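Taken together, the values in this text are just the output of simple stated rules run on the coordinates, not laboratory data. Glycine also receives a Cβ, built like all others from the backbone with ideal geometry; neighbour counts cover every protein chain displayed.
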Ligand SMILES: OCc1cn(-c2ccc(Cl)c(C(F)(F)F)c2Cl)nn1
Ligand SMILES: *[C@@H]1O[C@H](CO)[C@@H](O)[C@H](O)[C@H]1NC(C)=O
């Protein structure tokens, strides 16, 4: 459909297996708005777990089998009916093929079976798009879901710094992090981290950064310092260090959070209290995030789904909140930007995704 594949002209910037990374683009000739969306999909943090991902999730590690087009959906749709927010924007979908939460800066070599180049992929996509119209942009919104949402937090200020150093200080860089705001909390039941899905969130990231040669935003790196940069993968810790405006979308009971917490859904008191405390902790971390949308749902659904318009918090949808955010970056009467549910159990918001 609407978005056409371009493999990176710089073939040194590669997916895990050394195949070229790339991006899907649909231009909107009149528009000075650019949406660059980072795909998600977990990660892998050692040879054995990356080898397994290569066998059964190869599109997340290689471009060799990518289709020449993709259909833009949700926030990437060009139909105003599906995307009330930014339907006329230039649309870019950046496939996630680095398995590194978009943090890596390491090539495949004689010492490395895999390349982890997520941070360099973003930089190279931006560089190559400048010749295709991005040089004329007024706003570059770097968005992403799941691992791509965390990728927004890790990379939005680097994109801003890149554009400034390349001589484009007028492009306003902003971030939209969907489902990438995690807690480094205690698991409901202990597991010994061997697989990526149920590994505790803290140890997963500590192993990953070393394997990927992962990079984090400079101000956050200066706070936590050497050996402790894993802290910067956690939204509530990295967000206060960022300078670009960032809108945070996060379900209060995110399914990936529950997975790494070893929760698998009648609920008895201990698990009831665990889940309720998780939602309260998430809500607490968003108290001082002025642009946020945090519904009280158990979900893995993301902003590129076609029915993303349906969820509301306090009667405001996400496309409306994002429009209000745009207005705020020029409070607004009846145009809120901070929308965090206060009810304490999944689906206490009636507009939660049905499943
Ligand atoms: O597609 C699901 C998914 C989730 N994530 C992820 C990204 C960053 C972080 Cl810091 C974490 C966490 F919680 F473990 F720490 C996770 Cl689960 N990546 N992909
Ligand atoms: C290709 O990408 C690498 C890694 O980001 C970079 O060092 C190099 O300068 C790039 N080459 C060109 C011609 O842009």
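A compact table of results
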item	result
Segment 123-174, residues that are in a loop (DSSP other than H, G, I, E, B) and either within 16 Å of ligand 2 (Cβ to nearest atom) or surrounded by fewer than 21 Cβ atoms within 10 Å (Cβ to Cβ) (or both)	131, 132, 133, 138, 166, 167, 168, 169, 170
Residue check, residue 206 closer than 18 Å to residue 48 by Cα, more than 16 Å from ligand 2 (Cβ to nearest atom) and either assigned to a helix (DSSP H, G or I) or touching a strand residue (DSSP E or B) at 6+ places or on another chain (Cβ under 7 Å) (or both)	yes
Among the residues listed as 273, 258, the single one being out of contact with any helix residue (DSSP H, G or I) (no Cβ under 9 Å at 6 or more places or on another chain) and part of a helix (DSSP H, G or I)	273
Residue 55 being over 28 Å from residue 170 (Cα atoms), over 23 Å from the mean Cα position of the chain (by Cα) and either part of a loop (DSSP other than H, G, I, E, B) or away from ligand 2 (no atom under 16 Å from the Cβ) (or both)	yes
Selected residue (criterion: nearest to residue 240 (Cα to Cα)) from residues of segment 175-194 that are part of a loop (DSSP other than H, G, I, E, B) and away from ligand 1 (no atom under 12 Å from the Cβ)	186
Number of the condition not met by residue 304 [criteria: (1) within 27 Å of residue 174 (Cα to Cα); (2) more than 19 Å from the chain's Cα centre (by Cα)]	(2)
